[PDB]
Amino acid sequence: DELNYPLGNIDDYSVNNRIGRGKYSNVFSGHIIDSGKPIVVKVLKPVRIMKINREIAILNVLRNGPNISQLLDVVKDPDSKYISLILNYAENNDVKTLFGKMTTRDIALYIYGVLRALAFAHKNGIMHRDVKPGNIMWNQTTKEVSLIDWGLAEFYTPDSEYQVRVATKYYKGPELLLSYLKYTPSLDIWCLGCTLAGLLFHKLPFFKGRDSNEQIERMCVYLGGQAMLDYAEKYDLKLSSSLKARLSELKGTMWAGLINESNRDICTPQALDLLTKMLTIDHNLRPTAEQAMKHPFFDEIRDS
């Protein structure tokens, strides 16, 4: 029916260039006319007003949260009826181009910055459900970090059942691949862990596999077949006989043979220990965001 927001005036904003094309939006850089302040304009097809209202609700809850995209205004085009979200502008230096240029220091700021966003969101009852490099705006010069694209985000109620067709391929946690419906905001910690692996090992996306059976197999190449079998037993999840047989052949290599001369310097012992904790198969045994932020890997950047 209507939007749950006091709508602004489309005339207050200018559009500069396209910077994004999502499944629900076209995204532009722009400005606020009276201020000159740079902003991002996210233009949505006026389709699924409930979903827009949910995204608006979520972003309003997260206002003034650290390193979270900030909703400055919502406007409706009076002639086309399209809706635009007006967001803060964050520079997006693509981490895939910065392999061997991002230091240990940059990676700790990057991961810690996103953890701050997740702690605030989780504390306010929201899980993002699509953490990945593509939704993390990283400024290699300023070190600014922003977690964006809350369209898949959901409000979290314990022992509630949720749709497992979330996240992006190769960031889906075992709880989504195995269809555990009562998954938790710890999904966001697995996804950030997969991001950390990609940065440490110079490979984004880090995990692979053509289908979900092969994706489970490839996780266990590192993490061990037994942990996956034990997980599937503990939560009553279904694995085909063939996959169980394959999983029992995998001792789990962890992070061995992933450290060569080009990434040796960023693969510190503290980083691996955080990665191992974050990529824990049992979604109920991963660190919370708050716990991960207390890891010694963040000791040297904690000051600021």
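Each residue number is its position in the shown sequence, starting from 1.
Using only C-alpha atoms and the B-factors in the entry, which stretch averages higher, 264 to 272 or 46 to 54?
Averaging CA B-factors over each stretch, the winner is 264 to 272.
When the Cα temperature factors in the entry are averaged, is it 31 to 39 or 232 to 240 that ends up higher?
The stretch with the larger average C-alpha B-factor is 232 to 240.
From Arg129, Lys76, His122, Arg105, can you pick the one with the highest C-alpha B factor in the entry?
Of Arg129, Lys76, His122, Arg105, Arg105 has the highest C-alpha B-factor.
Taking the Cα B-factors listed in the entry, which of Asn88, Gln140, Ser212, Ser80 comes out highest?
Largest recorded C-alpha B-factor: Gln140.
Consider only the C-alpha atoms of the modelled residues in this chain, order them by B-factor as the entry records it, and name the third containing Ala256: lowest, middle or highest.
It falls in the top third of the chain.
Taking the values exactly as deposited, rank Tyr112 by C-alpha B-factor within its chain and report the matching third: lowest, middle or highest.
Its C-alpha B-factor belongs to the middle third of this chain's values.
For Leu204, return the chain-relative third of its C-alpha B-factor as stated in the PDB record: lowest, middle or highest.
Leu204: CA B-factor falls in the middle third of its chain.
By the recorded C-alpha temperature factor, relative to the other modelled residues in its chain, which third is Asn93 in?
Its C-alpha B-factor belongs to the highest third of this chain's values.
Would you please rank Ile189 by its C-alpha temperature factor against the other modelled residues of its chain and give the third it falls in: lowest, middle or highest?
Answer is lowest: the recorded C-alpha B-factor places it there.
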